[PDB]
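Asks:
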Amino acid sequence: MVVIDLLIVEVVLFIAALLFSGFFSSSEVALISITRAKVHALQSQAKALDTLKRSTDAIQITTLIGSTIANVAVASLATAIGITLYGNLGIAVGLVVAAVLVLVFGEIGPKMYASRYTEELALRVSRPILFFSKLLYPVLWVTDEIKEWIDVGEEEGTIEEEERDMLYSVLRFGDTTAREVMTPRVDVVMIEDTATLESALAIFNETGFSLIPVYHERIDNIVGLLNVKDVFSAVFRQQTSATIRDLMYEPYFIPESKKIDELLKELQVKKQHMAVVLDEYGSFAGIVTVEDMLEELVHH
Amino acid sequence: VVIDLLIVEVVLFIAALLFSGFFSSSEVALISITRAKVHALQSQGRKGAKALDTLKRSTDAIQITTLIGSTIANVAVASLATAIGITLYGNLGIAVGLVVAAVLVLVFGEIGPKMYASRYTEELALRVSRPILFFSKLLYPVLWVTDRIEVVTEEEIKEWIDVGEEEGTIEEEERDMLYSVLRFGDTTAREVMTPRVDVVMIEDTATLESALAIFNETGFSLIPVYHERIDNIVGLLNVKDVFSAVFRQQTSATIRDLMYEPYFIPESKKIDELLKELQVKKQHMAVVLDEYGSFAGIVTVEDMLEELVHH
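These protein sequence lines are chains U and V, in that order. Residue 46 in this note's numbering sits at position 46 of the first sequence, and the numbers go up by one each step. Residues are numbered in this note's numbering as their position in the second sequence, beginning at 1, plus a constant of 300.
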């Protein structure tokens with residue numbers, strides 16, 4: 001080695017470390033700032049961005065470690081370059097200059113400019129941040145009664161006794177879970193992802209339903225939902241190669257602990273109306289229709 | 301000497317790592333404390349708090365003051381870890397100083413101190429309120445520089461439902477309950493709050509004998525309390541407690557002694573959340589503030605259920 005050689009190796013490592021911090025700091029801003037619905041439309045038109053968005057906090061962990069390690073090195077290198085140039089006072093010089101640059105070009109700067117060009121930057125840093133996350137994945141693994149309250153309201157003038165019954169259901173609506181209102185697996189209708197469109201139409205008429213699940217060689221592995229309008233329109237327009245895998249649309253899975261009040265709001269946002277349910281092990285449990293949720297309100 | 305300067309850097313290293321914990325832990329706790337909770341602290345005779353409000357008015361300043369601090373502090377941790385490191389392990393010490401500083405700053409300077417903020421967001425805020433406020437005053441030039449540098453369609457529900465009615469996934473009979481339940485969740489407190497102007501309150505300095513006059517004149521059972529201005533709500537006063545007092549007061553307790561801290565909420569609190577949150581607290585009224593921390597109205601459980609029942 002040599003003094004000049006090492007210093008030039010350090011300055012390029014110092015220059016590269018600063019540029020790496022900007023990529024990590026600006027990536028969080030662009031990653032999180034993206035609107036959820038806009039991400040789905042782009043995905044339909046990315047796939048890694050949707051993967052990282054599944055765990056919003058995961059993006060924060062990966063980026064945090066990236067920016068922190070990058071900025072530590074900027075100081076580490078500049079203060080080695082600092083002392084080999086100005087002596088013990090070089091740690092002060094290195095601390096001053098490395099501190100100024102990490103803010104200007106390493107954290108403050110890139111965060112602001114990420115909102116201006118948030119579109120292109122978000123997609124460009126989707127894949128690499130997803131690669132770093134897989135590298136930083138092991139560390140991430142380490143991170144990992146009622147009548148009393150109401151009767152009082154009426155006495156305080158808060159509630160009117162006429163509006164008591166309706167209140168009761170609104171409370172039982174939030175407390176109710178998907179496991180209670182759903183339909184059990186044993187009684188659910190199903191069609192495999194490898195079946196002729198003619199057979200689905202039979203199922204659609206024998207049972208009469210419009211959305212029948214699509215399992216994948218196993219009752220536990222649901223891979224899509226099949227609308228009857230998609231099948232009836234497929235056999236009519238003779239498509240020599242028209243399998244269920246094409247017509248099925250990816251479902252929206254939920255846990256058994258999901259409250260039905262949230263489910264109903266979300267389903268009408270995503271233009272869907274049936275939801276698939278999974279258990280703690282990731283198997284298949286049932287299906288909740290908007291009708292199933294409101295059945296308790298219909299029977300009072 | 302070599303040994304005495306290595307002793308100066310090892311303590312400054314420990315200190316620099318503590319600052320990054322101060323800036324990092326304070327950043328999490330301060331932003332997460334809801335502005336409705338900050339309003340409660342000021343009227344509570346709480347330590348600091350009055351400073352905690354000054355910072356909450358600017359959401360950028362809190363992010364700049366914590367970023368600038370934790371950055372300079374983390375650069376200092378590394379600058380000192382390589383200074384100590386390079387003297388201990390030659391030119392390989394620049395590498396050890398990068399590893400030790402980067403693994404400690406994350407664990408004990410950024411990630412770890414964030415954990416204490418989540419569990420203790422309130423007390424940490426009042427303990428770090430004033431400090432971050434004089435850091436902002438001296439970081440003023442950069443802050444000015446950074447400031448200079450800086451769909452619920454009615455038809456969608458109808459079509460979406462009728463599409464469901466066609467699928468059989470929804471029923472036509474159950475349309476009303478569905479159209480209403482959607483409006484219930486998407487309704488804010490503002491839309492159901494009795495406006496500030498029409499609210500009847502009692503100043504905390506008033507007499508219990510005067511409170512009774514208000515309870516009878518209006519007929520309400522619970523009337524808010526405003527410490528100095530109508531913009532301010534410091535508590536709610538139940539008539540049942542005022543009557544029991546005047547009957548056997550003896551000590552003549554004032555409003556501040558008999559009132560109770562309200563449930564402050566923002567104008568945006570979806571009533572769907574407000575109902576479950578209020579009935580869990582066994583409380584049925586909720587004061588409603590605004591972004592600037594003023595007073596804007598109140599919400600009772602009937603208000604949230606009125607439009608739904610009458611519809």
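We put the CB at the ideal spot given by N, CA and C, even for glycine.
Assuming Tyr479 (chain V) contacts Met501 (chain V) (C-beta within less than 8 Å), just tell me the rounded distance between them.
Replies: Between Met501 (chain V) and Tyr479 (chain V) the Cβ distance is about 37 Å, and since that is not below 8 Å, they are no contact.
Asks: Please check the pair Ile384 (chain V) and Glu309 (chain V), which I expect to be a contact at CB under 8 Å, by giving their CB distance rounded to whole angstroms.
Replies: Confirmed, Cβ separation roughly 5 Å.
Asks: For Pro562 (chain V), which three-state DSSP category applies?
Replies: DSSP places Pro562 (chain V) in coil when its eight states are reduced to three.
Asks: What is the rounded straight-line gap between the Cα of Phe323 (chain V) and the Cα of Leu404 (chain V)?
Replies: Those two C-alpha atoms are separated by around 15 Å.
Asks: Which complete alpha helix (DSSP H) runs does the region 410-492 of chain V hold, if anything under 4 residues is left out?
Replies: Correct list: 412-419, 421-438, 440-449, 454-467, 475-485 and 489-492.
Asks: Buried or exposed, going by whether 16 or more other CB atoms sit within 10 Å of the CB of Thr366 (chain V)?
Replies: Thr366 (chain V) should be labelled buried.
Asks: Is there at least one Cβ from chain V nearer than 9 Å to residue 301 (chain U)'s Cβ?
Replies: Because chain U here runs from 1 to 300, residue 301 (chain U) falls outside it and cannot be looked at.
Asks: Can you list the residues of chain V that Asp261 (chain U) reaches, using a CB-CB cut of under 7 Å?
Replies: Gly485 and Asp572, listed in chain order.
Asks: Thinking C-beta only, is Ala376 (chain V) closer than 9 Å to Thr68 (chain U)?
Replies: Against a cut-off of 9 Å, the Cβ pair of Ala376 (chain V) and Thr68 (chain U) comes out as no contact.
Asks: Could you tell me whether any Cβ in chain U is nearer than 9 Å to the Cβ of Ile502 (chain V)?
Replies: Not closer than 9 Å to any Cβ of chain U, the Cβ of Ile502 (chain V) fails to qualify, so no.
Asks: Please name the residues in the region 399-419 of chain V whose beta-carbon is closer than 8 Å to at least one beta-carbon of chain U, in chain order.
Replies: Going along the region 399-419 of chain V in chain order, one finds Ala401, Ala402, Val405, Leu406, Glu410 and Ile411 with a Cβ nearer than 8 Å to chain U.
Asks: Among V:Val588, V:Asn391 and V:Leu424, whose alpha-carbon lies nearest the alpha-carbon of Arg490 (chain V)?
Replies: The shortest Cα separation from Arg490 (chain V) among V:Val588, V:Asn391 and V:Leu424 belongs to V:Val588.
Asks: Along chain U, which residues have their Cβ under 9 Å away from the Cβ of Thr446 (chain V)?
Replies: Those are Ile108 and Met112, listed as they occur along chain U.
Asks: What residue range does the beta strand (DSSP E) around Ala275 (chain U) cover?
Replies: Segment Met274 to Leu278, the beta strand (DSSP E) holding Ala275 (chain U).
Asks: Distance, Cα to Cα, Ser429 (chain V) vs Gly348 (chain V)?
Replies: If you take the alpha carbons of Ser429 (chain V) and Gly348 (chain V), they lie about 7 Å apart.
Asks: Which residues in chain V have a C-beta closer than 7 Å to the C-beta of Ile65 (chain U)? List them in chain order.
Replies: Residues of chain V passing the Cβ test: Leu406.
Asks: Apart from the five residues just before and just after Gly94 (chain U), which ones in its own chain have a Cβ nearer than 8 Å to its Cβ?
Replies: Closer than 8 Å at Cβ, skipping near neighbours: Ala75, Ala78, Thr79, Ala80, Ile81, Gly82 and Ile83.
Asks: How would you list, in chain order, the residues of chain V whose beta-carbon sits under 9 Å from the beta-carbon of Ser210 (chain U)?
Replies: Those are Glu466, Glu467, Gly468 and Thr469, listed as they occur along chain V.
Asks: Quick check on this structure: which residue in U:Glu155, U:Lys271, U:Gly286 and U:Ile159 has the alpha carbon closest to the alpha carbon of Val539 (chain V)?
Replies: Among U:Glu155, U:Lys271, U:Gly286 and U:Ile159, the Cα nearest to that of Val539 (chain V) is on U:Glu155.
Asks: Tell me whether the beta-carbon of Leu49 (chain U) lies closer than 9 Å to the beta-carbon of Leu123 (chain U).
Replies: The answer is yes: Cβ separation under 9 Å.
Asks: Where does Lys356 (chain V) fall in DSSP's three states?
Replies: Correct three-state label for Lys356 (chain V): helix.
Asks: Kindly list, in the order they appear in chain V, the residues whose Cβ is closer than 7 Å to that of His299 (chain U).
Replies: Result: empty, since nearest Cβ-Cβ is about 11 Å, beyond 7 Å.
Asks: Does the beta carbon of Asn221 (chain U) come closer than 9 Å to any beta carbon on chain V?
Replies: Output row for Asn221 (chain U): interface = no.
Asks: Taking any Cβ of chain V, which residues in the region 71-83 of chain U have a Cβ under 8 Å from it, in chain order?
Replies: Residues passing the 8 Å Cβ filter: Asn71, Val72, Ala73, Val74, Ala75, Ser76, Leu77, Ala78, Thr79, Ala80, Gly82 and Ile83.
Asks: Could you tell me whether the region 254-265 of chain U touches the region 449-460 of chain V, using the rule of 3 or more Cβ pairs below 8 Å?
Replies: With the cut-off at 8 Å, the region 254-265 of chain U and the region 449-460 of chain V do not touch.
Asks: So does the region 532-547 of chain V actually touch the region 507-514 of chain V, counting three or more Cβ pairs closer than 8 Å?
Replies: Yes, the region 532-547 of chain V touches the region 507-514 of chain V.
Asks: Taking the alpha-carbon positions, what's the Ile303 (chain V) to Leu317 (chain V) distance?
Replies: Cα-Cα distance, rounded: 21 Å.
Asks: Tell me which same chain residues have a C-beta within less than 7 Å of the C-beta of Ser418 (chain V), skipping the five on either side of it?
Replies: Only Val328 meet the Cβ criterion.
Asks: Output, in chain order, the set of chain U residues within a Cβ distance shorter than 8 Å of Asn538 (chain V).
Replies: Those are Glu156, listed as they occur along chain U.
Asks: List, in order along the chain, the chain U residues whose C-beta lies closer than 8 Å to that of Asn391 (chain V)?
Replies: Neighbours of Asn391 (chain V) on chain U, chain order: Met1, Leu6 and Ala80.
Asks: At the level of alpha carbons, what is the spacing between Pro441 (chain V) and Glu148 (chain U)?
Replies: Cα to Cα, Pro441 (chain V) sits roughly 58 Å from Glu148 (chain U).
Asks: Mind checking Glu474 (chain V): buried by the 16 CB within 10 Å criterion, or exposed?
Replies: Per the 10 Å Cβ criterion, buried.
Asks: How about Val188 (chain U) and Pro213 (chain U): are their beta carbons less than 9 Å apart?
Replies: Their beta carbons are under 9 Å apart, which means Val188 (chain U) touches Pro213 (chain U) by this criterion.
Asks: Select from the region 567-592 of chain V all residues with a C-beta closer than 7 Å to any C-beta belonging to chain U, and list them in chain order.
Replies: From the region 567-592 of chain V, only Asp572, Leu575, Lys576, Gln579, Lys582, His584 and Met585 have a Cβ closer than 7 Å to chain U.
Asks: Does chain V have any CB closer than 9 Å to the CB of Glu28 (chain U)?
Replies: Judged by the 9 Å Cβ criterion, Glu28 (chain U) is not in contact with chain V.
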